[PDB]
Amino acid sequence: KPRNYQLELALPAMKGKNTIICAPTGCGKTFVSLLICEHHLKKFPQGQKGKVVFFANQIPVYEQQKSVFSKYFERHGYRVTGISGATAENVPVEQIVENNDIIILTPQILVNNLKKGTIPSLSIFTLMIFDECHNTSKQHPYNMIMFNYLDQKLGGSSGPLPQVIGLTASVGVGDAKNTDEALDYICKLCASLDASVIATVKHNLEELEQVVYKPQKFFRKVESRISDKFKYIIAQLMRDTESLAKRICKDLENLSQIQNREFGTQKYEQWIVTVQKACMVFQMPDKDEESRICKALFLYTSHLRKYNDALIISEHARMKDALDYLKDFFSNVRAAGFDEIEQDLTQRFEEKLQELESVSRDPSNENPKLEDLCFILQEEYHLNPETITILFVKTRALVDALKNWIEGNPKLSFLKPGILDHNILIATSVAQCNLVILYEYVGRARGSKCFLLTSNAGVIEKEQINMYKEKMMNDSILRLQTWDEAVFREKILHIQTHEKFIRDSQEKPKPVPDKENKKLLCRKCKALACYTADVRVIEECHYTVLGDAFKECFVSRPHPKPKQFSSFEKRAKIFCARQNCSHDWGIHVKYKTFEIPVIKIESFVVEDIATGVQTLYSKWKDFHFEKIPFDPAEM
RNA sequence: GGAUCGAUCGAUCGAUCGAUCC
Ligand SMILES: [Zn+2]
């Protein structure tokens, strides 16, 4: 039943103006959107038909919205449907939009349609409902739809424009420090979404917080370990590896010029990636020993990166977990390669393992952060044995490490694995949620706690300034609601005019393609893969090769997760067809009836025939050449 | 495969991590 609370948010939208309706409850926002849809479709006279559209960004929320809209809008006789990645194949989306009223298509589908030519004008709709509209920041599908909307509006051909009624939970601040910058950011959001009112409950505050978030904070700053024998042994191993890596590259310290680097930090991983991407462009004229040098440097650098990841895991998670990670990596790479370099590194790690295993089993080397984590878990469960806790972790390499720790720790047995009956649900990013534990990470059950565990004061200061930013965002929302409509509409119109101007400004023309027939080579092998004259672009995003000689240059491998995406269907991945390379080149797909190995320029190095410079690109867009379109008439 | 977002880190750009969509 619609209560007065759900109507105090819908009143500013039923009048016929664009809003930024915001509520902390999901069910509340859904019911408000349903009431707005009902009041908007029922207000039209006879002869006209409404085409309200809903924008869900995720598949689960899309399914929930489609289900609730189909169950609600039944007695009214409105055709409600939905379009996603599993429905926009060989269906005339124009026929779906023209013959429906409450379509709930995802925003990427509407962006693709507006780009293709289907649905030329955006005036076909009469009410747009953006779900979680605080994502309208930059280049987002919501922002691209709003760019088309503002271009058709300010362009001087404004037709029957639709209402752009939004829906969010937090208006968001971004990186504002003073109240002026937060007000500017909220005005920029309201301009990009083109709304004149920010609906927020200012009358019904009594029954607001009965069944809402109502969180709490229990910051717990901890210290790191001191008896770091494992870190010392791994640092000695990495120093030996880096020392024996300089036998072929004397200026390895010269290739990456940033600062002093230390083992076990993200800066070391960045230095590793930089020295990898810098030593992969050698131009030795032998082209035979140069391949061995590049492969040896790639192997040493991959081993250093794995050791650095193991150090970070041992710093955050347990020691046995980092040891298991290193053993798993070594066992996985042992079956792929059999060269003397891999043998040397594996035998060195095996020599160190006889002592690393004894060091890991030492009960006096337990992490203190895991210690007081299990302590606070024990005390909170002794306080209440029916608490469904969620433990957020930064890396996905630790969501399973902490699960193994919970399953192995004898001091606690009441917990169950809940990697995302299941008591604790160890997740990474997003129900009851009776307890949250942000472990090194930077809405119900009134009485729930939220413990933040970290070994750095940085996260504590960031959470403090985040609470201050939430307070200042509430104050700025009150200040904006205090304003009238005229000056606010003029301000948002000026903001969107300036944004349209600066957007028309940054228009990069077509870069002049090189008429030279440059070629591609593997990363860790430097073997001739294919000439760029043999590369065909499929849909301005995907690239493939049609050469018969290229068909034998790779080897297929079953994909761990195949899923078709509106154009193709995945079948397998492709690897380099050498003795001990096994380098990830791309993915094998089917377009309509053919089998095509679509490659990625990330795992490739470009070599020119004119000069001979070896360039390394990241994405296809940065790579400029004669993009020959895919011709099905050939093969 | 491609795009998008967020966090961290490093010289307006780049790297890593995580998530989303097509
Ligand atoms: Zn290769």
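What are the pairs, 6+ residues apart or on separate chains, where a residue within the stretch A:305-326 that is within 11 Å of A:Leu402 (Cα to Cα) has its Cβ under 8 Å from a residue that is among the β-branched types (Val, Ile, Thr) and surrounded by fewer than 20 Cβ atoms within 10 Å (Cβ to Cβ)?
Hits for this filter: A:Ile313/A:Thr395; A:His316/A:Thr395.
Quick check on my filter: what residues within the stretch A:300-318 are under 21 Å from A:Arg247 (Cα atoms) and either surrounded by fewer than 21 Cβ atoms within 10 Å (Cβ to Cβ) or among the basic types (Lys, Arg) (or both)?
Once the filter is applied, which keeps residues that are under 21 Å from A:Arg247 (Cα atoms) and either surrounded by fewer than 21 Cβ atoms within 10 Å (Cβ to Cβ) or among the basic types (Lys, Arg) (or both), the stretch A:300-318 yields A:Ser302, A:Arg305, A:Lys306.
Please tell me if A:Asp608 is over 21 Å from A:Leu546 (Cβ atoms), assigned by CATH to the domain that holds A:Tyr531 and away from RNA strand B (no atom under 14 Å from the Cβ). Before the answer, list the steps.
On the way: over 21 Å from A:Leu546 (Cβ atoms): yes; assigned by CATH to the domain that holds A:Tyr531: yes; away from RNA strand B (no atom under 14 Å from the Cβ): yes.
It is true that A:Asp608 is over 21 Å from A:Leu546 (Cβ atoms), assigned by CATH to the domain that holds A:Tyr531 and away from RNA strand B (no atom under 14 Å from the Cβ).
What number of residues within the stretch A:44-62 satisfy the criterion of being surrounded by fewer than 21 Cβ atoms within 10 Å (Cβ to Cβ) and part of a loop (DSSP other than H, G, I, E, B)?
Matching residues across the stretch A:44-62 total 10.
Across the stretch A:358-396, what is the total count of residues that are under 36 Å from the mean Cα position of the chain (by Cα) and either part of a helix (DSSP H, G or I) or among the acidic types (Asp, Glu) (or both)? Before you say what the answer is, go through the steps one by one.
Let us first name the residues in the stretch A:358-396 that are under 36 Å from the mean Cα position of the chain (by Cα), namely A:360, A:365-381, A:384-396.
Filter once more, so that each one left must be either part of a helix (DSSP H, G or I) or among the acidic types (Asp, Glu) (or both): A:360, A:365-366, A:368-381, A:386, A:396.
Total satisfying the criteria: 19.
Take the residues in the stretch A:531-546 that are within 15 Å of A:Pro513 (Cβ to Cβ) and either in contact with a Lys or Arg (Cβ under 7 Å, 6 or more places away or on another chain) or not acidic (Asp, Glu) (or both), then tell me which one is surrounded by the fewest Cβ atoms within 10 Å (Cβ to Cβ). First the steps, then the outcome.
In the first step, residues of the stretch A:531-546 are kept if they are within 15 Å of A:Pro513 (Cβ to Cβ); the result is A:531-533, A:535-537, A:540, A:543.
Cutting the leftovers down to either in contact with a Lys or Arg (Cβ under 7 Å, 6 or more places away or on another chain) or not acidic (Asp, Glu) (or both) gives us A:531-533, A:535-537, A:543.
Numbers: A:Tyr531: 15, A:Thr532: 22, A:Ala533: 13, A:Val535: 23, A:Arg536: 18, A:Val537: 15, A:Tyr543: 20.
Only one residue fits best here, namely A:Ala533.
Spot the failing condition for A:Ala549; the list is (1) buried (at least 19 other Cβ atoms within 10 Å of the Cβ); (2) away from RNA strand B (no atom under 14 Å from the Cβ); (3) among the hydrophobic types (A, V, I, L, M, F, W, C), and only one is missed.
It is condition (1) that A:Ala549 fails.
Filter the stretch A:516-550 for residues that are out of contact with any helix residue (DSSP H, G or I) (no Cβ under 7 Å at 6 or more places or on another chain), more than 29 Å from A:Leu299 (Cβ to Cβ) and in a loop (DSSP other than H, G, I, E, B) and give the result.
A:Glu516, A:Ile538, A:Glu539, A:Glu540, A:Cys541, A:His542
Table: residues versus (1) surrounded by fewer than 17 Cβ atoms within 10 Å (Cβ to Cβ); (2) among the hydroxyl-bearing types (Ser, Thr, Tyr); (3) at positive phi.
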residue: A:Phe451; (1), (2), (3): no, no, no
residue: A:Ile477; (1), (2), (3): no, no, no
residue: A:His494; (1), (2), (3): yes, no, no
residue: A:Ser505; (1), (2), (3): yes, yes, no
residue: A:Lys508; (1), (2), (3): yes, no, no
residue: A:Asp514; (1), (2), (3): yes, no, no
residue: A:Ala529; (1), (2), (3): no, no, no
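Where the second residue is in a strand (DSSP E or B) and among the aromatic types (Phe, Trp, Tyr) and the first is under 21 Å from A:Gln464 (Cβ atoms) and lies in the stretch A:431-452, which pairs have Cβ atoms under 6 Å and are six or more apart or on separate chains?
A:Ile437/A:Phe451; A:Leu438/A:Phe392; A:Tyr441/A:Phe392
Is it fair to say A:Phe594 is more than 16 Å from the ligand (Cβ to nearest atom) and farther than 22 Å from A:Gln108 by Cα?
On the way: more than 16 Å from the ligand (Cβ to nearest atom): yes; farther than 22 Å from A:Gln108 by Cα: yes.
Yes: the conditions hold for A:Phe594.
For A:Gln564, work out the one condition from (1) away from the ligand (no atom under 16 Å from the Cβ); (2) crowded, with 19+ Cβ neighbours inside 10 Å it doesn't fulfil.
Failed condition: (2).
Is it true that A:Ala427 is over 25 Å from A:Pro215 (Cβ atoms) and either touching a helix residue (DSSP H, G or I) at 6+ places or on another chain (Cβ under 9 Å) or not assigned by CATH to the domain that holds A:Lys449 (or both)?
Numbers: over 25 Å from A:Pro215 (Cβ atoms): no; either touching a helix residue (DSSP H, G or I) at 6+ places or on another chain (Cβ under 9 Å) or not assigned by CATH to the domain that holds A:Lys449 (or both): yes.
So A:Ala427 fails the test.
Would you be able to say whether some residue in the stretch A:63-72 is more than 16 Å from the ligand (Cβ to nearest atom), in contact with a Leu (Cβ under 9 Å, 6 or more places away or on another chain) and either farther than 30 Å from A:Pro215 by Cα or outside the structural domain of A:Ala191 (by CATH) (or both)? Don't jump to the end; show me each part of the working.
Our first condition is that a residue be more than 16 Å from the ligand (Cβ to nearest atom); within the stretch A:63-72, this holds for A:63-72.
With in contact with a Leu (Cβ under 9 Å, 6 or more places away or on another chain) added as a condition, the list becomes A:68-69, A:72.
Filter once more, so that each one left must be either farther than 30 Å from A:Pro215 by Cα or outside the structural domain of A:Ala191 (by CATH) (or both): A:69, A:72.
Taking every residue of the stretch A:63-72 in turn, at least one turns out to be more than 16 Å from the ligand (Cβ to nearest atom), in contact with a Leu (Cβ under 9 Å, 6 or more places away or on another chain) and either farther than 30 Å from A:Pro215 by Cα or outside the structural domain of A:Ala191 (by CATH) (or both).
Cβ contacts < 7 Å: first residue within 23 Å of A:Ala529 (Cα to Cα) and not assigned by CATH to the domain that holds A:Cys530, restricted to the stretch A:552-578; second residue polar (S, T, N, Q) and away from RNA strand B (no atom under 13 Å from the Cβ), any location; separation 6+ or different chain. Result?
Every condition considered, no pair remains.
Can you tell me which residues in the stretch A:426-448 are in a strand (DSSP E or B) and surrounded by 18 or more Cβ atoms within 10 Å (Cβ to Cβ)? Outline the logic, then answer.
The first filter runs over the stretch A:426-448 and keeps only residues in a strand (DSSP E or B), leaving A:426-427, A:435-439.
A:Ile426, A:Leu435, A:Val436, A:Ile437, A:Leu438, A:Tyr439, listed by residue number.
Could you identify the single residue in A:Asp534, A:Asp584 that is under 20 Å from A:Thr615 (Cα atoms) and within 11 Å of the ligand (Cβ to nearest atom)? First the steps, then the outcome.
On the way: A:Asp534 fails: within 11 Å of the ligand (Cβ to nearest atom).
Only one candidate passes the filter, namely A:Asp584.
All Cβ positions, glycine included, derive from the backbone under ideal geometry; neighbour counts span all protein chains shown. What is reported rests on the model, the rules as stated and the sources as named; nothing here is a laboratory result.
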